Structure formats: C-alpha cells, structure tokens
C-alpha cells in the first residue's frame, strides 16, 4: 500500500541476495489426502526500524503480507501461490548472483511441482522432499525419517558476476557498513579519523567477494573466524579510494533503509577530511558527534 516511489528492480535483487530467503514447508497434516501439506514462498525479515523497506517492496511487487517477528523485527512473506509468479518473473529477469541463486532455482522447481498440483499426491511430495534436501538447511529430522532414500549431498558452487552498481547498492544496503574509526594516535589531536567501508559475507561466496576489488578498483579481503564459523569482509581504508570510488557509487545509486542515513553521515565526515578539517579541533568535535549519532549510536 506504500505510495513511496517503487524500488529499482536491480536494487531489489541485490537486497534479496543479502537479506531474502526462500521457503518450502512440507508439513505433517492428517487432514491432507497425502498426509502432508505444503507452503512455498519468499521472505525477508528486518529490524522494525526498516519496516518501510518491506512496505516499499510490498508496493513495488504488489504482493506479500507484513507481520511482526517478535517485538523488534518484522517480516514480508510471499506465499500466496499465484503471487509467486511475480517473484519468479522478477528473479528470471533480474537474477540473483550469490549462492542464494541455487535456493531460487530449487524454489522454482518446487513451484513447477505445485503448479501441476503434483504435491497433492505422494510422488509430488517425494519430489518436493528431494528439492528441499538441497534448499537452505535441508531436511528436518522428521522428513529424514519418513524419506530415508533421499541422500543429503552438497550443492555445486554458483559463480556469477556483479551485474551493475544498482545490484551493488541493494546488496550494500543489506550487508554494508559505513564506519568512522577513531584511532588513539601519537598525533597532535591524539585521535586519527579513519573511514572504513566494508561488505561482510560467509566464505561460501569468496569468489564474489574477491571480485569486488576489481569491480570497484580498490580494497582488500579480510578473513574472520569465530567458533565453528568463517566469513570474509571486503574492506576499504584508503581515503582517496573511499572519496573517489566508493562515495560516488552510492551517491549515484541510492541506498535504501536507515543505512542511507548512515552513509550520508559518513559522507559528511569524508567532506571534512577532504577539507583537512579532521585535523582541527572543531572538525574533530563534529566528527565525534557524528560517530555518536550513526550506526549503533543512532536512536530508535
């Protein structure tokens, strides 16, 4: 229902590569003729502060329902079957490029099973369980028990290229960070101001992440580990690269959500640095206050 301008379709695909998810529920249901009912869909869950992105996607595609996900988050879910055609037409024309493309392909296979009403019979349920085994986190314990002949095997790697800077604006709206690092320094003011751009992602998309270096013509990859988990970040710390390469990209290709406000505050700091005001008392004061009112410091 939003009357805000519609979201650009590539920005939407990039935001979905970041934050979207495909869903296939295969549920025990003793009122169904086959003993199972299904539900197929696409969904995005965000913090409450970004509910307006969900409204804007809802009004762009003209489909989906919005509901709370606990007290601090909100979802857009599309599962009405005819409305899934809008989702398929979109991602066929503006395709995903992360490993999530493999989940879209499994969703589309499932759509074809359900469109033929095959899932109302046991052959169709078996084909959906085969599809679901490869989808996201795979089969539940109960489905593994009911369908032991379905082996869980690893998926082929997706290797696609960034299509344009609109996709990148949508993806950065999901995964990006515009950070102002205030480094204790042996300098006259005692504080070094360093702007840091990052995009963060699991190691499954290392090839895509490395390609950001050539696509943007700057930056580097940092590797991370915590517990059983590994991920990467594309990082830019060189001020001329931030000012001449990163900032113009998102000035031209507008971010969505609260993160736009953080980007615009970050650009105020970059203008001060370009003017060397970050090495003055008044400039440092302004930058300290900007830090306190962006990202985690922003009130909601």
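Numbering follows the first chain given and starts at 1.
Of the two stretches examined, 219-227 and 177-185, the record assigns the greater average C-alpha temperature factor to 219-227. Averaged over their C-alpha atoms, the temperature factors of 39-47 and 55-63 are higher for 55-63. As recorded in the PDB entry, 279 shows the highest C-alpha B-factor of the residues 12, 287, 279, 23.
Annotation for 202, 144, 90, 100: 144 ranks highest, by Cα B-factor. When all modelled residues of the chain are sorted by CA temperature factor, residue 34 is found within the highest third. Residue 137: CA B factor in the highest third of modelled residues in this chain (values from the PDB entry). Among all modelled residues in this chain, the alpha-carbon of residue 129 has a temperature factor (C-alpha) in the middle third. Among the modelled residues of its chain, residue 209 has a C-alpha B-factor that falls in the middle third, as given in the PDB entry.
In the deposited entry, the Cα temperature factor of residue 190 places it in the highest third of its chain's modelled residues.
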